[PDB]
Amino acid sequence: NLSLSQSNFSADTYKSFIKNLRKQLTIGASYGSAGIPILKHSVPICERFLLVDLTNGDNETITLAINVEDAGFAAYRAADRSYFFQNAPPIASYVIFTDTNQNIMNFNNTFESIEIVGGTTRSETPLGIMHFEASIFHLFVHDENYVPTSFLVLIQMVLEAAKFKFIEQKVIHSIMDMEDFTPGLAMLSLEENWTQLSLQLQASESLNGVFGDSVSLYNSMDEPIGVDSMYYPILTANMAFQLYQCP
């Protein structure tokens, strides 16, 4: 499995891991005018998961199942135990982590759902090298009180960073400066609009690259930039893959 460990967590290693993740996710992807790869869709359940291993400061490892149709976490394994979100594809437990003690987490893999249950938002959740390391520990032991917030860290540092180079870069600054950050409006805008930007990119095919609707993406000055077309470098040189939305 593709892997990232605490013992070898460096800007270069992180960048490779994210790079290999993108390309692994985009195997058999479709392509538009924009040249931004569109994730696969109506994938057989048997083939719909990509496994990734994360190893923390103790020599302890979790394996996360990423749904390749939407780049979200569906489930994970710690040792002989595994944990599934409620909204994991209903057949997922028969395909992944078969030989383990399977538990249902009583919430969805969405930010909204995670934030409601953990009582804690992304804005107030630190991201960084050591948070990532701790998020892996809490999942490994499955400390229910820390499961949600751990997912907030790891979903952002792995999956959302794979979706957006801005976010990747945000994590790289953190590794190099040795400084934690909480996501601002810039990061959140992207996370919030991934599916919507996917839709507008694909719909724009028939309006000469113009969107049906505008999307507001913040910069690091908190100024909202309206993206109503494919001609914005903050989209085109940022978002690395899209959700399947249109034929």
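Note that residue numbering begins at 1 and tracks the sequence as displayed.
The question of which stretch, 174-182 or 22-30, has the higher mean Cα B factor is settled in favour of 174-182.
Set 236-244 against 1-9 and average the Cα temperature factors; 1-9 ends up higher.
Across the options 70, 53, 60, 191, the residue with the most elevated CA B-factor in the record is 60. As recorded in the PDB entry, 221 shows the highest C-alpha B-factor of the residues 65, 215, 36, 221. When the CA B factors of the chain's modelled residues are split into thirds, the value for residue 168 lands in the lowest one. Among all modelled residues in its chain, residue 115 ranks in the middle third by Cα B-factor.
Split the chain's modelled residues into thirds by C-alpha temperature factor. Residue 144 is in the highest one.
Remark: residue 201 belongs to the middle third of its chain, ranked by C-alpha B-factor as recorded. The entry lists a Cα temperature factor for residue 108 that places it in the highest third of the chain's modelled residues.
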